[PDB]
């Protein structure tokens, strides 16, 4: 069992774009979300009721966030208050948007990680059909680090 997915993220509603933690391990995270009018993705649907394909990067980013959150909680470490996406590479989508009613599986594999920086390869699938592949880089700064970044 896992806590509600928002409990592993500094993010809060309406900016949590995942619904369920399925699995987490030392080098892997699997999370789930459904493209629905009543769920967490409803503010981001286009005029035709579909989630644009580019939101794949944010769902993948948040899955990485869940990974780091889970491991901080297991290690009795302080909750992260901030998360940043630094970059993405070849985030390629087989469709322009995710259709209403789609159950999306977001599965990220650890490449490299340290105190703050993370590098992950990722896949979004729907009932085993791969719809998105990609690599993401993330950064989890302290509030003071962020102030120094903003000002120096």
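Numbering follows the first chain given and starts at 1.
Higher mean CA temperature factor between 106 to 114 and 90 to 98: 106 to 114, per the PDB entry.
Legend: mean Cα B-factor per stretch from the PDB entry, 80 to 88 versus 48 to 56; the higher mean is in 80 to 88. Comparing C-alpha B-factors across 142, 129, 137, 133 in the deposited entry, the largest value falls on 142.
Sort the modelled residues of the chain by CA B factor and residue 18 lands in the lowest third. Among all modelled residues in its chain, residue 65 ranks in the lowest third by Cα B-factor.
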